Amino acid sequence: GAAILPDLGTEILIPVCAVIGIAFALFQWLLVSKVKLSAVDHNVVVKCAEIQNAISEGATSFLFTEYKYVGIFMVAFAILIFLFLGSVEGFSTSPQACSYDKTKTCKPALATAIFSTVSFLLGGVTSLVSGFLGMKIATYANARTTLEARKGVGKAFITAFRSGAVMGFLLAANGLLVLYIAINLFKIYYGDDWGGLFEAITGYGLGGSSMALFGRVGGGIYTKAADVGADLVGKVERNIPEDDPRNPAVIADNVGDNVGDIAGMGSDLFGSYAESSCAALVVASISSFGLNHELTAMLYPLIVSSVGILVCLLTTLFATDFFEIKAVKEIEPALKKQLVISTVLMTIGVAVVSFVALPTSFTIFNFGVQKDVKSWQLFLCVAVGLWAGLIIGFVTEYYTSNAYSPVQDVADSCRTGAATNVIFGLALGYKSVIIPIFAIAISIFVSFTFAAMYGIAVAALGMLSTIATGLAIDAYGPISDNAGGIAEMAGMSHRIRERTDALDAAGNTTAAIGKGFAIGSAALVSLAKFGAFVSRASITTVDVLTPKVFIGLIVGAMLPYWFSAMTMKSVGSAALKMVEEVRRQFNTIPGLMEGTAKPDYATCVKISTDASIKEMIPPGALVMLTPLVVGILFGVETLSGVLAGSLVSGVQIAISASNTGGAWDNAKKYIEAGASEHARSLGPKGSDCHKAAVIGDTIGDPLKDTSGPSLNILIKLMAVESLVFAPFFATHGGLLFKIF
């Protein structure tokens, strides 16, 4: 029945660990505030602050524009949720029997329609705040990482990493806390109807991933229109340094790192956290924990997260205080040791939590039957997910870091042109999918066998128990991107840019690694949500060999490709506008190409703003309308196949897009760095080889930064949407099969 750790204990521990998380985050922002600068060498400090202000102004300006739209959609959609969910029992206010225990009476479905809408609003608002806070810290840390670079890599590393850790700890504690609050608040109303309490809390992950979808796509098109434009004309055509202040797209480019790579990624990861936690919660609510009203075991996923924070705080110190970087070859293994330490520390942490938060025996809902599960079996569920991440990390690294042969052979293929560079890169990413799929598959088999959907939901959360650390090394990247962006823009020494370029390359690998973690955990959470949807829809069997299910499967597998076609073409078209505008300024503003005259940055901000804001609508629509269109016309059996098909298919293309993109970026950085005979013999910057790498890198730009990373939101989003609307689809769905 009960576990060692009493209910009230859990009620204290959880928000305590959140608060500690926010305290840590603020203490770090404080230490970062020690690096001083203003716009009132002395000049080089002033030039940094004026550039940093351009970016900060530019990124706050876009997010307000984007969130204004997204926020309107969020309201429209909350109405739908209410209407559709309320329409099931014809908006009755009368209680009915608990579908999980006919002897008992539950709160009316109308209530759950209402609280669903509230938890959705919470989830979406929290997702937006995650993006916004992430940008605010990144637009603050960027130039301070520039100034500290004067003292060498190791000092710049610290302000970039301390800052990344600001975002990670803020995001993780805030999401943990909101969920915690929402639960207790709702419980005031639901009392003993824990089934309906947690059914309403599922809106939270729906809100999270909904807003994230637009955040990622909008911020993604914005930033990559800029990037591909600046780089092509600036580097391939006009033969000037990357991020040169003469280049009119340079401000949009660096703003982009903050509205895409940081704000978009911030929200994306919030959704991953929200859904996984919520998937664990719903399965539990109709399992022995929820049925016996055992709060501690019921909140087991929240306790794992609480301990994850503490664990991640301790891990952070190893990079923050117990180790100084002195050479550039030490930067990555620092970042990589962050992963290894937290994984190892969390394993202990999780065994402890498994030991004191669970009863040694209990039951997990398994498609209508209470399965007998043991607490050590549950430990292995979260542990197999946790370690699957680390594996994915190691392998992604091997495939995206220019310290290894795969990428160096990609760089080396530039010797015969761009075409070979592109062929090697594509082949690289395809190859990269293999071990992660295997890690995902193993992870699924173990956790599925032990505790059905709950095991899988808990595996996903295992993969994100170290989410604070994971976020820091991820947010470290774009900060190091801006930092060398400001260095070049402020005409600082070549020795500064050399350091930032080592940081930036390190952030390239961790960018792909975090992408791997998002794909992996999104496959786990999707599979949990899918299987939960099936029960909720009163489906008896998802049988691949029925006509309804199979058409669902093959069409669902096509969706990720449809989505990719849209996002790619969007960037490809906006980048074409950027290139024309950049050329126009170079060819018609006298004095520009010789640094005597100033470029018009605002036009490039205006081109990327107009395209991202407009073009984030159709792919947002495909993802959000699909569950609804399919659920209503074809019904829940066809929807089942669609959920399965987009998972097994989306995952393949997300992984290879992100890795191919990463491999091209770092292949380029390798040539740029000339830190070996081989690398030098490919250089120098401007050579035919370097220009092949730049082409490859720019094709990879929208792959790894718009399509690739958003595809994991597609997969995990369609599953919560389906699970949430399942009562409506079960009852009013499959019209086409009814009219005929």
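In case it trips you up, residue 1 is the first one in the sequence shown, and so on.
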Residues with no coordinates between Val40 and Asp41, taken from the deposited sequence as a class: 10 or more
field: 172-180 versus 642-650 - greater average Cα B-factor per the deposited record
entry: 172-180
statement: Stretch with higher mean Cα temperature factor, 324-332 vs 201-209, is 324-332
- line: From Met568, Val629, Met558, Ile158, the top C-alpha temperature factor is at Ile158
task: Tell me which of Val46, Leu714, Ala693, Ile699 tops the list for C-alpha B factor in the record.
output: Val46
query: Taking the entry's C-alpha B-factors for this chain, is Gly520 in the lowest, middle or highest third?
result: lowest
message: Ranking every modelled residue in this chain by its Cα temperature factor as given in the entry, which third contains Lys224?
response: lowest
- prompt: Compared with the other modelled residues in the chain, in which third is the CA B-factor of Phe634?
  reply: middle
field: Among modelled residues of the same chain, the CA temperature factor third for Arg497
entry: highest
query: Where does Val720 sit by CA temperature factor within its chain: lowest, middle or highest third?
result: lowest
